[PDB]
Amino acid sequence: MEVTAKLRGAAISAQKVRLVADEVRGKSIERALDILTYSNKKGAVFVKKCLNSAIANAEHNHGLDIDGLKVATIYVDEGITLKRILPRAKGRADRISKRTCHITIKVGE
Amino acid sequence: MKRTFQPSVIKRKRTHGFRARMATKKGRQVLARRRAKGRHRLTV
Amino acid sequence: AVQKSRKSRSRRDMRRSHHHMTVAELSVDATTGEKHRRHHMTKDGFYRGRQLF
Amino acid sequence: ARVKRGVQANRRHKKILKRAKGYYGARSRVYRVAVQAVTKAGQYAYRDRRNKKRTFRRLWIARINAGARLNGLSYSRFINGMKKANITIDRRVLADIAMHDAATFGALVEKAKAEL
RNA sequence: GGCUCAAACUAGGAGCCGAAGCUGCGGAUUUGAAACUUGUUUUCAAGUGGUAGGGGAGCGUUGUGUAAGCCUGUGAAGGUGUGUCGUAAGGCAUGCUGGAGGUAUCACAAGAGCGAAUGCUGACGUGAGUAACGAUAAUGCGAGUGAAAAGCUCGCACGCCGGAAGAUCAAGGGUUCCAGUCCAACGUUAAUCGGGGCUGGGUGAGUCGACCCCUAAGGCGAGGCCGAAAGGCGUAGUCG
RNA sequence: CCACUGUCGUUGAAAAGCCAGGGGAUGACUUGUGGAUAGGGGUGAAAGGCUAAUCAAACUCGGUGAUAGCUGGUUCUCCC
RNA sequence: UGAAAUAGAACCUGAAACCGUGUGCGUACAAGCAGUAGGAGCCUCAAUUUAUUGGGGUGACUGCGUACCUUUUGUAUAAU
RNA sequence: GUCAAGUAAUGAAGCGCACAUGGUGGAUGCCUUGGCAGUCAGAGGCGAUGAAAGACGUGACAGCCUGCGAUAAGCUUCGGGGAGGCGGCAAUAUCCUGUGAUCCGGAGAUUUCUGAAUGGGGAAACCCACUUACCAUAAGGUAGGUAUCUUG
Ligand SMILES: [Mg+2]
Ligand SMILES: [Mg+2]
């Protein structure tokens, strides 16, 4: 089986979290946690939180051995965008997209 | 630089206020029109 | 000064074929046994068998 | 009697996008581009139904020329020899024989060469 | 490309290639002609590129009747695949999704069909993780708290203003003031901080200001004058 | 108070600014508060200037769905 | 709990644009409206007394091939 | 086995196509509390007994909406009705109710301030009064009156 965690609504662009996700996809839980704890990217704190939640789900709700677990699948999806107005010169306005993202992690043997 | 709106309460209430509207027949028509549209603000 | 056509998603992603997160080198501290960034002290102050606090 | 266009517009656009399956980029995804690509595909297909009859005769004639020159004759003398011998075998079948049955094509060349 | 008794030129000859032309085979269709004769049947002849435009035949959609019918929780509409049928518009069946409606047939009526109108609304792209983060007065470190501290608090040091970048007001604003608590949003970064959220508190006058008494400009103005009406002016006054 | 020159800035810090210089600075000076003049009208040491980022006739609403021999667009199918 | 929770409160259905992940095939010596007519190889379902056909995915390689609308005498037009 | 010559296959930083499975988004379908056009009738006004329109209050309970007006989600009475109820968001608490509540219909009472606004004035919801009667003895309270015009 595959155990899931979801981190819907992280205040960050999915394009940014995707670089973090690409490096932990398919790795063992230990190696992936190392990569996430020593990354300098903001998206790594979100990916690490979601991965830790998925590991705890697999250990508590399903009684799996987290020693044989691995990041079976991970992907980031776009969340809801907050729309803000940015004033510019000469009385002109721009729209600002404050993008959010959904992180889905599934761990399994 | 100096802009178009320079607020003054006395000047606002004396050019646009309720008693200024009620002093004229045309101001009372302004009020009748605002009441017919149902505006929550009759006068400044 | 601006594009004459929108870029295709294929070319947009070929330009991102060089984007990559940096992965830190890690080691095990001889005294504590703990993982740390290479050439960096551990989170608790140990580097190369030497305390700092 | 107000008519909403949603359902019919949807199924109409799905027909076009279905015919545009496998096309690159916007050509399989967005309707304004897919509908031109489908029309152009039909135009090319109409033109190439005609052109394929020319291309395959081209191919048969090439293979017959090779087969006849293997036997000591050119295409323009071999076809003349067939028409003089009253042999009605078409170029499609002659090319098939030249490709897959060399001795029979040798026999046909012998008949044409005896007719000249 | 390459070509010189040519792969050039002249004059002849014979083959062959070559088009959606012509022929062959199958199918459709317009008109006309013949006969079981409103497609009932077979034929035959001539046709069938097309803008503006004229003429003919239909498809689908919403709604009315047919219909207190018929279908439908043993799964309606819609969505999404697949198969199949028709010259086309399109029809039919069916898997999955969906969960309460739909509608045969024949008539009847249209808010009846969209890719363009620098069309209208919403959503979402490309540019691009690019430019920028708003005065070049400036920060360093130690503690504290905290999930987390370059930015908060405290401390030491450094720097800046000082006819201000300090202080008191009027105008304007209106709770922003003070404390506690929170960090989603807001703050162009983070935030434990805030003029942000939430909950409480806080403004005390005979003398300060207003009100009040008085009048300026200028208003309004018993009577009065003027003017189709509306109104305009104006005395005493009354406001300001 | 003003705005002569230049650089900068021109998707600005800013729908007219900054910086460095510049002019007037007891006067036809500047400035606060209140008031007056209203659209073919006002006001103007006069540039058609200004009259709320709008001026060779403001703004709002209405006549009004102005008119447009012009430009754009005009949505299913097949047959002659 | 509920019939149902990709009915969980941004909550019926949940299209498209747009953006991910996975699987199969192709793609790093080759010049252009990106298709079309052919066509090798591979992958996958079925039959079939067993690598042959049939269906599906992909498409090395060859030929041909300058979008659409509008407006024009005439547009790939570098005209809208 | 060496060497030589020739010739395959394998590669994927990334990308394409198809399918599978999601995200976003909010179309579609169904739905309705809301609109639109009429018919047949009725009515065609409200206001100095203070209107229309408001401001400020009013609850056990913070805001808004609704009602109400210092008697303030209401008071009296007359009828209806018969078991629940204290308006909505929107519940909670204290309670009321067959000694008839909530609720509905007729009538009455109360009815702040502004506004024709009418005692004067005014930047509406404010400032300042005069006067009659009564009560208080202190710096007031209660009930009134005081605009203009027309006609008598
Ligand atoms: Mg101006
Ligand atoms: Mg839903």
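Residue numbers begin at 1 in each chain, while the letters A, B, ... track the order of the sequences. The analysis underlying the following values was restricted to heavy atoms, covering all of them including side chains, and did not include hydrogens, waters or symmetry mates.
Note on residues 85-108 of chain A: no pairs pass ring-ring contact (aromatic ring centres under 6.0 Å, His included), not counting sequence neighbours. Sorted by first and then second residue, the ring-ring contact (aromatic ring centres under 6.0 Å, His included) pairs with a member in residues 91-116 of chain D read D:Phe78-D:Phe105; sequence neighbours excluded. Here ring-ring contact (aromatic ring centres under 6.0 Å, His included) pairs that include residues 44-90 of chain A, with residues two or more places apart or in two chains, number zero.
With distances taken from any side-chain atom of B:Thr43 to the nucleotides E:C16, H:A18, H:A124, the minimum falls on H:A124. Residue D:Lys52 has its side chain nearest to G:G38 when only H:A124, G:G38, H:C15 are considered. Taking every side-chain heavy atom of D:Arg50 into account, E:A20 is the closest of E:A20, G:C19, H:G14. Among the nucleotides E:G115, E:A185, H:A18, the one closest to any side-chain atom of A:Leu82 is E:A185. In this structure, the nucleotide among E:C16, F:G35, H:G22 sitting nearest to the side chain of D:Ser76 is E:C16. Checked against E:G115, H:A124, F:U11, the side chain of D:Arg32 finds its nearest nucleotide in E:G115. Side-chain atoms of D:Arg54 lie closest to E:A20 of the nucleotides H:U24, E:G115, E:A20. For A:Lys90, whose side chain is taken as the heavy atoms from C-beta onward, the closest listed nucleotide among F:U10, H:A124, G:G22 is F:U10. When distances run from any side-chain atom of C:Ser10 to the nucleotides E:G240, G:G35, H:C15, the shortest one goes to H:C15. When each of E:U80, H:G23, E:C16 is scored by its nearest atom to the side-chain atoms of A:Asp77, the top-ranked nucleotide is H:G23.
Scanning all heavy atoms of the two residues, the minimum distance from A:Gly43 to A:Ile12 falls at N-CD1, 3.8 Å. Scanning both residues, C:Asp29 and C:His36, for their nearest heavy atoms gives N-CD2, 3.6 Å. Between D:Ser28 and D:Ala20, the shortest heavy-atom contact is CB-O, 3.2 Å.
One interatomic measurement links the two molecules: CD1 of A:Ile85 to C1' of E:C186, which rounds to 14 Å at whole-angstrom precision. In this structure, D:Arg91 atom CZ and E:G18 atom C1' are separated by 11 Å, rounded to whole Å. Separating the CZ atom of D:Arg57 from the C1' atom of E:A20 is a distance of 16 Å, rounded to the nearest angstrom. Taking atom CZ of residue D:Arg29 and atom P of nucleotide G:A34, one finds them 17 Å apart after rounding to whole Å. Rounded to whole angstrom, the span from the NZ atom of B:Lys13 across to the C1' atom of F:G35 amounts to 18 Å. G:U36 atom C1' lies 17 Å from atom CD of D:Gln36, rounded to whole Å. Straight-line distance from the CD1 atom of A:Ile96 to the P atom of F:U11: 17 Å, rounded to whole Å. As rounded to whole Å, 19 Å separates atom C1' of E:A132 from atom CZ of A:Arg84.
Within the 4.5 Å cutoff, side-chain heavy atoms of D:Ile79 are placed close to those of D:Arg91. Between D:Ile16 and D:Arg19, the closest side-chain pair of non-hydrogen atoms falls below 4.5 Å.
Interface remark: the D:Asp48 side chain does not form any donor-acceptor pair with the G:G65 base, using a distance-only criterion of under 3.5 Å.
The phosphate of H:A123 (OP1 or OP2) has a side-chain N or O of B:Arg19 nearer than 4.0 angstrom. Between D:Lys14 and E:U80 there is a side-chain polar atom (N or O) within less than 4.0 angstrom of OP1 or OP2. When the side-chain nitrogen and oxygen atoms of D:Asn10 are compared with OP1 and OP2 of H:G29, none of them lie within a distance under 4.0 Å.
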Enumerate, atom names and distances included, each donor-acceptor pair closer than 3.5 Å involving a side-chain atom of residues 30-52 of chain D, sequence neighbours excluded.
unit_1	atom_1	unit_2	atom_2	d
D:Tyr31	OH	D:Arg12	NH2	3.4
D:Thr39	OG1	D:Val35	O	3.1
D:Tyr46	OH	D:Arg50	NH2	3.4
D:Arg50	NH1	D:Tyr46	O	3.1
D:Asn51	OD1	D:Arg54	NH1	3.2

May I have the list of side-chain donor-acceptor pairs in residues 13-32 of chain A shorter than 3.5 Å, sequence neighbours left out?
unit_1	atom_1	unit_2	atom_2	d
A:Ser13	OG	A:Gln15	N	3.3
A:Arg18	NE	A:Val76	O	3.3
A:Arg18	NH2	A:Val76	O	2.6
A:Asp22	OD1	A:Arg25	NH1	2.8
A:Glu23	OE2	C:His20	NE2	3.3
A:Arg25	NE	A:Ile74	O	3.1
A:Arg25	NH2	A:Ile74	O	2.6
A:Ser28	OG	A:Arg31	N	3.4

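Each of B:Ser8 and B:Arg28 lies near RNA chain E, and the nucleotide nearest B:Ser8 is the one positioned closer to the 5' end.
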Hey, what are the protein-to-nucleotides 141-149 of chain E N/O distances that come in under 3.5 Å?
none

Contact list (N/O, under 3.5 angstrom) for nucleotides 107-114 of chain E vs protein:
unit_1	atom_1	unit_2	atom_2	d
E:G111	OP1	D:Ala1	N	3.1
E:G111	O2'	D:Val3	N	3.1
E:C114	OP1	D:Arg12	NH1	2.6
E:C114	OP2	D:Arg5	NE	3.2

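B:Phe5 comes within contact range of no nucleotide atom at all, as no heavy-atom separation falls under 4.0 Å. A:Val45 comes within 4.0 angstrom of nothing in the nucleic acid, heavy atoms only. As judged by a 4.0 angstrom heavy-atom cut-off over every strand, D:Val33 is placed among residues making no nucleic acid contact.
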task: Go along nucleotides 120-131 of chain E 5' to 3' and tag each nucleotide: B for a protein heavy atom under 4.0 Å from its base, S when only backbone or sugar atoms are that close, - otherwise.
output: ---SSBBSSB--
- request: Treat primed atoms plus P, OP1 and OP2 as sugar-phosphate and everything else as base, then score nucleotides 53-62 of chain G 5' to 3': B for base contact with protein heavy atoms under 4.0 Å, S for sugar-phosphate contact only, - for none.
  value: ----------
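The main-chain N or O of D:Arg92 is never found under 3.5 Å from a side-chain atom of D:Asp96 such that the two would form a donor-acceptor pair. Using modelled atom types, one side-chain atom of B:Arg28 and one backbone atom of B:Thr24 make a donor-acceptor pair closer than 3.5 Å. Of the possible donor and acceptor atoms, one in the side chain of A:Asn52 sits under 3.5 Å from a partner among the backbone N and O of A:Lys48.
In this view, C:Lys7 and C:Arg11, C:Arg12, C:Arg15 satisfy the side chain to side chain contact (heavy atoms under 4.5 Å, CB included) rule, not counting sequence neighbours. Looking at residues two or more places apart in sequence or on another chain, you find no side chain to side chain donor-acceptor pair (under 3.5 Å) involving D:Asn71.
Between H:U92 and H:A60 there is a base pair of the Watson-Crick or G-U wobble kind, both of its two distances falling under 3.5 Å.
Using atom P as the reference point in both H:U24 and H:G16, the two lie 23 Å apart (nearest Å). With both ends at atom P, the span from H:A139 to H:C103 equals 45 Å, rounded to whole Å.
Residue B:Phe18 belongs to a hydrophobic cluster whose other members are B:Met22, B:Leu31, B:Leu42, with links defined by side-chain heavy atoms closer than 4.5 Å.
Sugar pucker at E:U29: north, on the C3'-endo side, as the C1'-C2'-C3'-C4' dihedral is above zero. The pentose of F:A16 is categorized as south (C2'-endo side) on the basis of a negative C1'-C2'-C3'-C4' torsion.
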